[PDB]
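Below is one structure, written out as structure tokens, with a few remarks after it.
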Amino acid sequence: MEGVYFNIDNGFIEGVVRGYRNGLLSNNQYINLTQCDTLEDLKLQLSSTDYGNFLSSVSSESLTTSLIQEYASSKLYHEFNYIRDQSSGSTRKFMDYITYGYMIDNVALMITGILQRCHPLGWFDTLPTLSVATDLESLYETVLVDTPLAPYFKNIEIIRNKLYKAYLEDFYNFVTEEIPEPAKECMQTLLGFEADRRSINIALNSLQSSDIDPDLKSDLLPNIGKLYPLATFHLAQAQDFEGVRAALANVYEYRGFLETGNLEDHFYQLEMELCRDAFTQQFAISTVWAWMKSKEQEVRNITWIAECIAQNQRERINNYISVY
Amino acid sequence: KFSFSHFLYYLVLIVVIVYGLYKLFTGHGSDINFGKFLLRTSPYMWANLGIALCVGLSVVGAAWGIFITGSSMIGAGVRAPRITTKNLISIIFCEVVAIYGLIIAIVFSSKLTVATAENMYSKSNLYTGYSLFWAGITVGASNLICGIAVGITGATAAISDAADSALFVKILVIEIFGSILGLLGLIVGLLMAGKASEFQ
Amino acid sequence: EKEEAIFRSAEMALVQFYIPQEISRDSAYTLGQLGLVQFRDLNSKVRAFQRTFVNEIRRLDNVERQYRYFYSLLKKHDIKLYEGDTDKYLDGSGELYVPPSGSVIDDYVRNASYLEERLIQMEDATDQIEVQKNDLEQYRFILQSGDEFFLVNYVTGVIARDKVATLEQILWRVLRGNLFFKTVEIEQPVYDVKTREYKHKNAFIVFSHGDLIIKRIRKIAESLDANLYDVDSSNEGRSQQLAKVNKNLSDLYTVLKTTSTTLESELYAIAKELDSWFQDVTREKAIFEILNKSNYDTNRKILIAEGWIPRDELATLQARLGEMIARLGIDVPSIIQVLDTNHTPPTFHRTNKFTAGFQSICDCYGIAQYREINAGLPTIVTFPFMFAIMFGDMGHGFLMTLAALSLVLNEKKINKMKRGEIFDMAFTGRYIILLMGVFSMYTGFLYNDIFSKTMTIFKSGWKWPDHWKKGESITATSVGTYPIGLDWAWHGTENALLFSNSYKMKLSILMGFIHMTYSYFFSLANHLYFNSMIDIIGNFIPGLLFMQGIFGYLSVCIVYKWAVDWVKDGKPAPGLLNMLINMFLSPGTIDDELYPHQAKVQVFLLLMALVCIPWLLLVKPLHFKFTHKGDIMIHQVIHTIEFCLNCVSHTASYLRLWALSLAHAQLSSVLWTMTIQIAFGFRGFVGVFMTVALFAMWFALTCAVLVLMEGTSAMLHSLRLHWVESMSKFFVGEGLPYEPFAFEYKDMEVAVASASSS
Amino acid sequence: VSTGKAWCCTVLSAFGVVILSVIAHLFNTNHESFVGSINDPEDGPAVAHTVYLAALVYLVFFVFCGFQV
Amino acid sequence: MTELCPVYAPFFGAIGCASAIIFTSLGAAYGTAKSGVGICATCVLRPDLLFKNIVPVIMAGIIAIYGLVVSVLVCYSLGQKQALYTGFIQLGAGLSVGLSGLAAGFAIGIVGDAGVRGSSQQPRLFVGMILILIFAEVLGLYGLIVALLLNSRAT
């Protein structure tokens, strides 16, 4: 059964992760942050939440939206690194694979050369070498071959999306092989959503480039999830936004949610739906993925509110994405 | 597709099938005489295996439920240490499972007596050997099952109580059902061994 | 006099404070250092960022931030705070007549704001010069190398000791089969800004022949945090560079000594007073955080505060506020308006040094409902004595008593002394451990155990046969009964385990039933006190009938079976556990008649216990359905089913008294046989040496394994019996902690809190 | 020499003196709990003497460590 | 030999003596290893909690102590011409204590790991840790009790 063997290693981990899940800001707490009138007031109000005294070392004059975002991200990353440190075996590898996505993001962001690592979870020993790796030819055989991204590799957006294709395919395979049934299903669905988001975004990026051949996207579209293979192939053959709409007309989910409204808002909303659903499984490691995404969205919302009270423009303060 | 455990399973299955066919074809099928194995085998092996497996499987189930629910409630207790004393009833009902096995082991140990060689393999001694063996297995396995179930349910209860204290109450009913399962196992073991005489 | 609050929590009264706004700060100080008021949060539904005194807290919180930053700096430069008793002398911590800080808090705010910037400036100066210090030290270490050069051109520098491996690999993929590399480990670590701590470092050198690839090597080495250095191509130029570096170090040290001396002087001036500053600012911030919970009536210009105070202390509150108003001379009403309320008052238990530990252990499970029976008062005796029943050895009980007395006799010395955590836990439980030791000595006397061995202080009730052959399996005869404790004739007998198990198992059942009944009668006393006759008739009476008619029947049955001389009567001794089983699984067919008409009484008790189930389910809810003018059916049905099942499971769980008693006895006997008794078999100086060493082993394992390793087992199981078996009978719990507003010595170790706790 | 070791050995040697003295007395008086079994040493006073000598060894340790307390 | 005392009768006694110490020692080893990984992970940050976090490995050790006790007691009941009754008594005692202490050691290891981690994150979880951990220890204790009850009937 699910929980018979789960708690041998992951019971403490999973309990602590849903403990954090209880600490996610509720809609009422987001409202309270919205009604704030200054960054110090937001600091105090957010200290009234489960964040506690994290900006306690920051004075109101040093306090800025950038510092608030950095401290929230640092708290999230410390919690994730605690859970990963307390993890072993299959869950440890699962969390390492979660980190590989941020590793790929860091690779793409740093090869742009200024651009630093900009993400603590994607750090690896040779990451800053990528700031100085102007020659893309030397990339793999010099830098990345030492990194866990070596199995994935075979303008920069091409490299980023190829790495994401290989990474998502490998991680779907790992989820299928090494993860128990409830967490297996939950993570497979979450990866279907992630690969669908990647495919849609990559198709809309190819919309702006004439050199985006349909077969070129085959190296780029993960072909994972509900869109696969059919809607993925249609997006590969798609030439414009009308092609994307025609491709997405063939699926139940994510239909009618790119023709209107903000696309990022809809992807984040569906992601929050999936994370909320994933939290319902009681002995599943997918709770970790749901927690990570929920916390990332929480940090985004907090930074959004911080901006809306630091630069005013409060008409936009209520457009944060939350299911809690 | 290969695994060493399944390889041995299939190997021993093949060996047993071949041996059975060899004995049957040669007219010596009655050599495989499980009934005579039950008759000749010492009743004390059955009785002491019953007691040992009763307490051992009761303890295995109790411990299995205990670490499931205890690890879950310690993890959930990191944010809410209040969860410990509230959900400790789960650990309690897991332990009661092993206490059932201990009680049954005491009752069955009351039956252990030195039977005379002239009366060693009588109807009564064989009956009580089988009775203690299977009653100990019944109580121990039911206790193992109930301990695992109560541990899973109490882990879920601890996590839900961490989410909200109002969700705890109705999961305690599930824990009560899990404990009733083990109580029924104990009483059925008592009934199975109720009419089993001492070794005489 | 002040009513004792150990049997039930102290009677609380809700007090509404009409405080004039001008005297609010002084009043808050007065009743905070008085220490008997727990304030109600009247502004609970007002967001904290818009609360009345938010800015006064914010400025003081900035001041506290600055003070903890100062403490961090002092730790950085290794200075110890004064931690003088001036604050302790000023704050009576039990005397309310102390004047508050005046305008000095504004001076604290100004001083702190200025001084923080001062420290930032000098820290930046010292840090920058230290950076160039480390850089030039690394440069010198590079230049001190007499010869580490081989082969066109080269680049060299220093790396952290871990990063050198990955940089070497990265360059080996930059130059494949063409890299030339050496490194030298620096003897000592050096301070790094990024880590704010010392790191081990390594000098390195690589050789190359192409300007583009030399630039690549430099650019790939600066990433991964190497500090690159230009080195002359000849020993003369390297010597010149070394001389220049040494002169620069001379000047750098010249300025560094003065900067560090001045900065450390400032930190030393800080240390002599920083503790008092932090105490004052903490008190003032707490004062404003209390004032927030007051309703600020602007039209009346008064803080309408509310708080819980014991009624016996109401007069003290009135007196102390009358004293402070006399100090201020305002002649204001300062209205202590006690008022009725429906709010649940806090659960205050007034505990001495003796009962404090027992109260802490009992209320660690949960805080009692307001003015319900306090479980800690029964716990004082029951917890140590269940521990003793499980522990039950006079040698180990004596060791535990000596350990506890080492804390109780020296009580004044370990108090007002730092105790860590484990030793603090031992000290706070010192009376708990004392009662454990004493009751364990009594129990071991009844168990007739001093370590493995038995006492022979009275004539045995068993007399062996007149004569026997060596090795003969003799049997004793009952010349009498042993006065107090187990007969020593049972020692070393091969059937000792049968009698000991019968005794200890029936003892566990009997004493567990008695303890459960005593605790359950607290339910009756609570219902009587709360005037809840409906709980008496619907819950107490049927639950009592069930519990007695099954398990108290078993209890009186055990004592009756001991009260009957079966061998003299000629009647078969009943199978008592079998009869208990048949009471349910086959009623009426009593196997061996214990007493006349046992079948009728047995079936009557069975029917009464069965009837008590519908009684429990129905009577309490149906009263609500009829008379309230049922919704509690679900709660009542789950409560009664768990009560009925918990009776059985608790009677079963009390067997752990016998379980731990038998395990402790067997472990002690086995340890005696394995460790010390071997020494008795050898003689001569080898025998003396074996006796000494084997006693050392025996005593080390007795203290470690038996007294400490297994005494904690018995005390944790007694905690189990109390939180689970004893208190669940009566303990409603889920009360409100008292924890009043009172000043304390908030040591600056709280700098760990609010900075490493989130 | 150190106060911690001095106290540890002082306490251990005090218990050694007391316990081995009472054990030696019980062997010397042929107490049944120590001599009554066939598996026990056959001659009480003989083993009592060596247990008494061990008690004196712990007495030496106790007095010495007291001199370093 | 005799019908009651076969030459193969001491096999069960010897194997029960071995089984007690073996299975209690594997239970204790699992407990010690899991809880020691927890302790070493925890005390890198907060070494001040060493003597709190040491409790689970200690309880694992007492499990093996119970196994040692049972193994010794059944060992001194062994004989060449011992009855088959006492042979299976010793087998039952050894098997009961071994399996019970094995399960108790597994539970102690897992609970002690989780507990030391939590009580390093949340100090109020120490009493919870230790009170669950004693409840895991008591299962090996119950197995010890059954082994003692059985061994009391060996001859």
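Quick note on naming: the chains in the structure tokens go A, B, ... in the order shown, residues restart at 1 in each chain, and ligands are numbered from 1 in order of appearance.
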With the cut-off set at 7 Å and counting only C-alpha atoms, tabulate each residue of chain B with an atom at most that distance from an atom of chain C, showing the nearest atom pair and its distance in Å to one decimal, ordered by chain and increasing number, as CSV.
residue,atom,partner,partner_atom,distance
B:85,CA,C:365,CA,5.6
B:96,CA,C:649,CA,6.3
B:99,CA,C:652,CA,6.6
B:173,CA,C:638,CA,6.9
B:176,CA,C:642,CA,6.9
Okay, now the selection with N, CA and C atoms, as a PDB file, in the first residue's frame?
ATOM      1  N   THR B  85       0.936  15.628  21.677  1.00  0.00           N
ATOM      2  CA  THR B  85       0.066  15.094  22.717  1.00  0.00           C
ATOM      3  C   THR B  85      -1.340  14.834  22.196  1.00  0.00           C
ATOM      4  N   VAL B  96      -1.276  -0.787  21.949  1.00  0.00           N
ATOM      5  CA  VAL B  96      -2.308  -1.700  22.442  1.00  0.00           C
ATOM      6  C   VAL B  96      -2.351  -2.958  21.587  1.00  0.00           C
ATOM      7  N   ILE B  99       0.168  -5.177  22.973  1.00  0.00           N
ATOM      8  CA  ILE B  99      -0.301  -5.651  24.274  1.00  0.00           C
ATOM      9  C   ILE B  99      -1.275  -6.811  24.100  1.00  0.00           C
ATOM     10  N   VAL B 173     -12.100   8.263  14.883  1.00  0.00           N
ATOM     11  CA  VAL B 173     -13.083   7.193  14.708  1.00  0.00           C
ATOM     12  C   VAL B 173     -12.509   6.080  13.840  1.00  0.00           C
ATOM     13  N   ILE B 176     -10.325   4.119  15.919  1.00  0.00           N
ATOM     14  CA  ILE B 176     -11.130   3.242  16.766  1.00  0.00           C
ATOM     15  C   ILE B 176     -11.539   1.988  16.006  1.00  0.00           C
TER      16      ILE B 176
END
### Task
Pull out every residue of chain E sitting within 10 Å of chain A, counting only C-alpha atoms, and send them as a VMD selection string.
chain E and resid 34 37 to 38 41 to 42 106 to 107 109 to 111 113 to 115 117 to 118
For the selection just defined, write its residues with N, CA, C and O atoms to a file, as an mmCIF file, in the first residue's frame.
data_model
loop_
_atom_site.group_PDB
_atom_site.id
_atom_site.type_symbol
_atom_site.label_atom_id
_atom_site.label_comp_id
_atom_site.auth_asym_id
_atom_site.auth_seq_id
_atom_site.Cartn_x
_atom_site.Cartn_y
_atom_site.Cartn_z
ATOM 1 N N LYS E 34 20.299 4.332 11.900
ATOM 2 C CA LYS E 34 19.363 5.373 11.485
ATOM 3 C C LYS E 34 19.430 6.573 12.425
ATOM 4 O O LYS E 34 19.571 7.724 11.983
ATOM 5 N N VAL E 37 22.784 8.455 12.018
ATOM 6 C CA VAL E 37 22.734 9.343 10.861
ATOM 7 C C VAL E 37 21.964 10.605 11.216
ATOM 8 O O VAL E 37 22.389 11.724 10.900
ATOM 9 N N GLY E 38 20.827 10.443 11.895
ATOM 10 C CA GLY E 38 20.083 11.609 12.346
ATOM 11 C C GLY E 38 20.892 12.507 13.265
ATOM 12 O O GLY E 38 20.899 13.728 13.104
ATOM 13 N N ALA E 41 23.767 14.253 11.306
ATOM 14 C CA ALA E 41 23.205 15.312 10.476
ATOM 15 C C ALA E 41 22.779 16.506 11.320
ATOM 16 O O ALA E 41 23.003 17.660 10.939
ATOM 17 N N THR E 42 22.164 16.243 12.474
ATOM 18 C CA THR E 42 21.630 17.308 13.312
ATOM 19 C C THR E 42 22.733 18.120 13.977
ATOM 20 O O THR E 42 22.693 19.357 13.970
ATOM 21 N N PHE E 106 13.817 -1.425 14.443
ATOM 22 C CA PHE E 106 13.463 -0.695 13.227
ATOM 23 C C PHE E 106 12.636 0.543 13.557
ATOM 24 O O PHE E 106 12.919 1.650 13.066
ATOM 25 N N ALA E 107 11.619 0.375 14.407
ATOM 26 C CA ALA E 107 10.793 1.505 14.810
ATOM 27 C C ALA E 107 11.617 2.556 15.538
ATOM 28 O O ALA E 107 11.450 3.755 15.302
ATOM 29 N N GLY E 109 14.847 3.158 15.254
ATOM 30 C CA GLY E 109 15.691 3.864 14.306
ATOM 31 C C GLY E 109 14.936 4.928 13.538
ATOM 32 O O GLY E 109 15.359 6.086 13.474
ATOM 33 N N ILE E 110 13.783 4.559 12.977
ATOM 34 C CA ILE E 110 13.035 5.514 12.159
ATOM 35 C C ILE E 110 12.519 6.670 13.014
ATOM 36 O O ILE E 110 12.684 7.849 12.665
ATOM 37 N N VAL E 111 11.901 6.350 14.156
ATOM 38 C CA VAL E 111 11.347 7.383 15.024
ATOM 39 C C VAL E 111 12.450 8.263 15.589
ATOM 40 O O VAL E 111 12.274 9.474 15.725
ATOM 41 N N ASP E 113 15.440 8.936 14.212
ATOM 42 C CA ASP E 113 15.886 9.831 13.151
ATOM 43 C C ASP E 113 14.931 11.009 13.005
ATOM 44 O O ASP E 113 15.335 12.179 13.126
ATOM 45 N N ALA E 114 13.643 10.714 12.799
ATOM 46 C CA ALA E 114 12.667 11.785 12.632
ATOM 47 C C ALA E 114 12.652 12.704 13.846
ATOM 48 O O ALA E 114 12.565 13.930 13.708
ATOM 49 N N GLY E 115 12.767 12.126 15.043
ATOM 50 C CA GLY E 115 12.656 12.909 16.255
ATOM 51 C C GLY E 115 13.838 13.826 16.483
ATOM 52 O O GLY E 115 13.664 14.973 16.884
ATOM 53 N N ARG E 117 15.750 15.032 14.228
ATOM 54 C CA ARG E 117 15.638 16.101 13.239
ATOM 55 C C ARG E 117 14.611 17.147 13.677
ATOM 56 O O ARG E 117 14.895 18.354 13.691
ATOM 57 N N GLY E 118 13.418 16.694 14.072
ATOM 58 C CA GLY E 118 12.376 17.630 14.471
ATOM 59 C C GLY E 118 12.734 18.418 15.717
ATOM 60 O O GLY E 118 12.569 19.639 15.763
#
For range 162-166 of chain A, list every protein, DNA or RNA residue within 9 Å, evaluated using only C-alpha atoms, and leave out those in the same chain fewer than 2 positions away; present the list as a PDB file with N, CA, C and O atoms, in the first residue's frame.
ATOM      1  N   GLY A 101      16.375  21.678 -13.052  1.00  0.00           N
ATOM      2  CA  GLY A 101      15.685  22.697 -13.830  1.00  0.00           C
ATOM      3  C   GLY A 101      16.257  24.082 -13.595  1.00  0.00           C
ATOM      4  O   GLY A 101      16.516  24.837 -14.538  1.00  0.00           O
ATOM      5  N   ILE A 104      19.579  24.360 -15.322  1.00  0.00           N
ATOM      6  CA  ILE A 104      19.459  24.701 -16.739  1.00  0.00           C
ATOM      7  C   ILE A 104      19.126  26.178 -16.910  1.00  0.00           C
ATOM      8  O   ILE A 104      19.661  26.855 -17.801  1.00  0.00           O
ATOM      9  N   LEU A 149      23.978  17.881 -15.783  1.00  0.00           N
ATOM     10  CA  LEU A 149      23.334  18.138 -17.064  1.00  0.00           C
ATOM     11  C   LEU A 149      23.992  17.400 -18.222  1.00  0.00           C
ATOM     12  O   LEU A 149      23.487  17.480 -19.347  1.00  0.00           O
ATOM     13  N   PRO A 151      24.051  14.212 -19.234  1.00  0.00           N
ATOM     14  CA  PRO A 151      23.198  13.332 -20.051  1.00  0.00           C
ATOM     15  C   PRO A 151      22.207  14.073 -20.933  1.00  0.00           C
ATOM     16  O   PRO A 151      21.675  13.473 -21.874  1.00  0.00           O
ATOM     17  N   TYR A 152      21.939  15.350 -20.667  1.00  0.00           N
ATOM     18  CA  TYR A 152      20.912  16.069 -21.412  1.00  0.00           C
ATOM     19  C   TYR A 152      21.426  16.675 -22.711  1.00  0.00           C
ATOM     20  O   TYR A 152      20.728  16.630 -23.729  1.00  0.00           O
ATOM     21  N   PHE A 153      22.629  17.242 -22.709  1.00  0.00           N
ATOM     22  CA  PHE A 153      23.132  17.892 -23.909  1.00  0.00           C
ATOM     23  C   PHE A 153      23.479  16.865 -24.981  1.00  0.00           C
ATOM     24  O   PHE A 153      23.803  15.711 -24.691  1.00  0.00           O
ATOM     25  N   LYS A 154      23.407  17.302 -26.235  1.00  0.00           N
ATOM     26  CA  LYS A 154      23.728  16.446 -27.369  1.00  0.00           C
ATOM     27  C   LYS A 154      24.200  17.275 -28.559  1.00  0.00           C
ATOM     28  O   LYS A 154      23.829  18.441 -28.703  1.00  0.00           O
ATOM     29  N   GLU A 157      18.196  30.164 -26.528  1.00  0.00           N
ATOM     30  CA  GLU A 157      16.907  29.517 -26.313  1.00  0.00           C
ATOM     31  C   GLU A 157      16.875  28.107 -26.885  1.00  0.00           C
ATOM     32  O   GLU A 157      16.193  27.232 -26.342  1.00  0.00           O
ATOM     33  N   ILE A 158      17.607  27.866 -27.975  1.00  0.00           N
ATOM     34  CA  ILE A 158      17.700  26.515 -28.523  1.00  0.00           C
ATOM     35  C   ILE A 158      18.357  25.582 -27.514  1.00  0.00           C
ATOM     36  O   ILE A 158      17.866  24.477 -27.250  1.00  0.00           O
ATOM     37  N   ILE A 159      19.474  26.018 -26.926  1.00  0.00           N
ATOM     38  CA  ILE A 159      20.173  25.196 -25.940  1.00  0.00           C
ATOM     39  C   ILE A 159      19.301  24.989 -24.708  1.00  0.00           C
ATOM     40  O   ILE A 159      19.183  23.872 -24.189  1.00  0.00           O
ATOM     41  N   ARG A 160      18.678  26.067 -24.222  1.00  0.00           N
ATOM     42  CA  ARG A 160      17.818  25.968 -23.047  1.00  0.00           C
ATOM     43  C   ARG A 160      16.683  24.980 -23.277  1.00  0.00           C
ATOM     44  O   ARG A 160      16.394  24.134 -22.422  1.00  0.00           O
ATOM     45  N   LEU A 168      13.217  16.990 -18.908  1.00  0.00           N
ATOM     46  CA  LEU A 168      11.850  16.600 -18.593  1.00  0.00           C
ATOM     47  C   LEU A 168      11.579  15.161 -19.003  1.00  0.00           C
ATOM     48  O   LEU A 168      10.889  14.433 -18.282  1.00  0.00           O
ATOM     49  N   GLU A 169      12.114  14.721 -20.145  1.00  0.00           N
ATOM     50  CA  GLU A 169      11.935  13.325 -20.534  1.00  0.00           C
ATOM     51  C   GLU A 169      12.610  12.387 -19.538  1.00  0.00           C
ATOM     52  O   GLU A 169      12.015  11.394 -19.096  1.00  0.00           O
ATOM     53  N   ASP A 170      13.849  12.706 -19.150  1.00  0.00           N
ATOM     54  CA  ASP A 170      14.568  11.872 -18.193  1.00  0.00           C
ATOM     55  C   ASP A 170      13.873  11.855 -16.839  1.00  0.00           C
ATOM     56  O   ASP A 170      13.804  10.811 -16.183  1.00  0.00           O
ATOM     57  N   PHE A 171      13.352  13.001 -16.402  1.00  0.00           N
ATOM     58  CA  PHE A 171      12.688  13.067 -15.107  1.00  0.00           C
ATOM     59  C   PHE A 171      11.329  12.382 -15.129  1.00  0.00           C
ATOM     60  O   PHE A 171      10.927  11.792 -14.122  1.00  0.00           O
ATOM     61  N   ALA A 195       5.576  20.246 -19.247  1.00  0.00           N
ATOM     62  CA  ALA A 195       5.954  20.087 -20.642  1.00  0.00           C
ATOM     63  C   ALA A 195       4.963  20.774 -21.571  1.00  0.00           C
ATOM     64  O   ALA A 195       5.363  21.294 -22.614  1.00  0.00           O
ATOM     65  N   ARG A 198       5.952  24.413 -21.401  1.00  0.00           N
ATOM     66  CA  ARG A 198       7.173  24.599 -22.177  1.00  0.00           C
ATOM     67  C   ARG A 198       6.894  24.550 -23.672  1.00  0.00           C
ATOM     68  O   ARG A 198       7.415  25.371 -24.432  1.00  0.00           O
ATOM     69  N   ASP A 219      13.506  18.632 -31.818  1.00  0.00           N
ATOM     70  CA  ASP A 219      14.575  18.638 -30.827  1.00  0.00           C
ATOM     71  C   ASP A 219      14.217  19.457 -29.596  1.00  0.00           C
ATOM     72  O   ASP A 219      14.984  19.468 -28.628  1.00  0.00           O
ATOM     73  N   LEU A 220      13.085  20.147 -29.621  1.00  0.00           N
ATOM     74  CA  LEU A 220      12.743  21.183 -28.659  1.00  0.00           C
ATOM     75  C   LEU A 220      11.449  20.921 -27.900  1.00  0.00           C
ATOM     76  O   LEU A 220      11.356  21.277 -26.723  1.00  0.00           O
ATOM     77  N   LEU A 221      10.445  20.326 -28.539  1.00  0.00           N
ATOM     78  CA  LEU A 221       9.188  20.015 -27.862  1.00  0.00           C
ATOM     79  C   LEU A 221       9.318  18.706 -27.090  1.00  0.00           C
ATOM     80  O   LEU A 221       9.644  17.678 -27.692  1.00  0.00           O
ATOM     81  N   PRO A 222       9.067  18.694 -25.776  1.00  0.00           N
ATOM     82  CA  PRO A 222       9.306  17.468 -24.990  1.00  0.00           C
ATOM     83  C   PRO A 222       8.466  16.268 -25.405  1.00  0.00           C
ATOM     84  O   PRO A 222       8.889  15.132 -25.153  1.00  0.00           O
ATOM     85  N   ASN A 223       7.297  16.474 -26.015  1.00  0.00           N
ATOM     86  CA  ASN A 223       6.374  15.386 -26.353  1.00  0.00           C
ATOM     87  C   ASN A 223       5.983  14.581 -25.114  1.00  0.00           C
ATOM     88  O   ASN A 223       5.954  13.348 -25.133  1.00  0.00           O
TER      89      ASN A 223
END
With the cut-off set at 7 Å and counting only C-alpha atoms, tabulate each residue of chain C with an atom at most that distance from an atom of chain A, showing the nearest atom pair and its distance in Å to one decimal, ordered by chain and increasing number, as JSON lines.
{"residue": "C:48", "atom": "CA", "partner": "A:45", "partner_atom": "CA", "distance": 6.4}
{"residue": "C:49", "atom": "CA", "partner": "A:41", "partner_atom": "CA", "distance": 5.2}
{"residue": "C:62", "atom": "CA", "partner": "A:59", "partner_atom": "CA", "distance": 6.7}
{"residue": "C:65", "atom": "CA", "partner": "A:57", "partner_atom": "CA", "distance": 6.2}
{"residue": "C:170", "atom": "CA", "partner": "A:142", "partner_atom": "CA", "distance": 6.2}
{"residue": "C:173", "atom": "CA", "partner": "A:142", "partner_atom": "CA", "distance": 5.0}
{"residue": "C:174", "atom": "CA", "partner": "A:142", "partner_atom": "CA", "distance": 6.1}
{"residue": "C:219", "atom": "CA", "partner": "A:132", "partner_atom": "CA", "distance": 6.6}
{"residue": "C:220", "atom": "CA", "partner": "A:129", "partner_atom": "CA", "distance": 5.9}
{"residue": "C:223", "atom": "CA", "partner": "A:128", "partner_atom": "CA", "distance": 5.7}
{"residue": "C:224", "atom": "CA", "partner": "A:128", "partner_atom": "CA", "distance": 6.4}
{"residue": "C:754", "atom": "CA", "partner": "A:53", "partner_atom": "CA", "distance": 5.3}
{"residue": "C:755", "atom": "CA", "partner": "A:56", "partner_atom": "CA", "distance": 6.7}
{"residue": "C:758", "atom": "CA", "partner": "A:52", "partner_atom": "CA", "distance": 5.4}
### Task
With a distance threshold of 8 Å and counting only C-alpha atoms, extract the residues of chain B near chain A and express them as a ChimeraX atom specification.
/B:64,67-68,71-80,148,152,156,159,162-163
### Query
Which one of D:18, D:1, D:23, D:6 sits closest to residue 59 in chain D if you count only C-alpha atoms?
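Among the listed residues, the smallest separation from residue 59 in chain D belongs to D:18.
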### Query
Which distance in Å separates CA of residue 191 in chain C and CA of residue 67 in chain C, to one decimal?
24.8 Å
### Message
Show me, as a PyMOL selection string, the residues of chain E whose atoms get within 6 Å of chain B, using only C-alpha atoms for the distance check.
### Response
chain E and resi 88+92+96+99-100+103-104+107+111+114-115+118+122+125+128+136+139
Selection file, N, CA and C atoms, as a short mmCIF file (atom, residue, chain, number, x, y, z; two decimals), in the first residue's frame:
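Written output follows (out27.cif):
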data_model
loop_
_atom_site.label_atom_id
_atom_site.label_comp_id
_atom_site.auth_asym_id
_atom_site.auth_seq_id
_atom_site.Cartn_x
_atom_site.Cartn_y
_atom_site.Cartn_z
N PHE E 88 11.97 -26.66 22.12
CA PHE E 88 11.04 -25.73 21.49
C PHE E 88 10.67 -24.57 22.41
N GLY E 92 11.07 -20.93 21.00
CA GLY E 92 10.02 -19.93 21.06
C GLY E 92 10.46 -18.66 21.76
N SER E 96 10.65 -15.22 19.69
CA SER E 96 9.79 -14.13 20.13
C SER E 96 10.62 -12.88 20.42
N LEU E 99 12.39 -11.48 17.01
CA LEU E 99 11.51 -10.79 16.08
C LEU E 99 10.96 -9.51 16.70
N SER E 100 10.58 -9.56 17.98
CA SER E 100 10.05 -8.38 18.64
C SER E 100 11.09 -7.27 18.74
N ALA E 103 11.71 -5.70 15.24
CA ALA E 103 10.70 -4.70 14.90
C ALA E 103 10.86 -3.45 15.75
N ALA E 104 11.14 -3.62 17.04
CA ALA E 104 11.32 -2.48 17.93
C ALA E 104 12.53 -1.66 17.53
N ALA E 107 11.62 0.37 14.41
CA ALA E 107 10.79 1.51 14.81
C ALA E 107 11.62 2.56 15.54
N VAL E 111 11.90 6.35 14.16
CA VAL E 111 11.35 7.38 15.02
C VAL E 111 12.45 8.26 15.59
N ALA E 114 13.64 10.71 12.80
CA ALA E 114 12.67 11.79 12.63
C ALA E 114 12.65 12.70 13.85
N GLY E 115 12.77 12.13 15.04
CA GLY E 115 12.66 12.91 16.26
C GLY E 115 13.84 13.83 16.48
N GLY E 118 13.42 16.69 14.07
CA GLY E 118 12.38 17.63 14.47
C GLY E 118 12.73 18.42 15.72
N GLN E 122 12.50 21.94 16.22
CA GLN E 122 11.49 22.35 17.19
C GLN E 122 11.82 21.73 18.54
N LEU E 125 9.64 19.29 20.59
CA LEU E 125 9.43 17.93 20.11
C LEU E 125 10.30 16.90 20.80
N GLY E 128 8.05 14.65 22.87
CA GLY E 128 7.31 13.84 21.93
C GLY E 128 8.14 12.71 21.33
N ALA E 136 8.09 2.57 21.25
CA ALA E 136 8.69 1.60 20.34
C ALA E 136 9.56 0.60 21.10
N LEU E 139 7.94 -2.50 22.79
CA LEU E 139 7.57 -3.68 22.01
C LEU E 139 8.64 -4.76 22.08
#
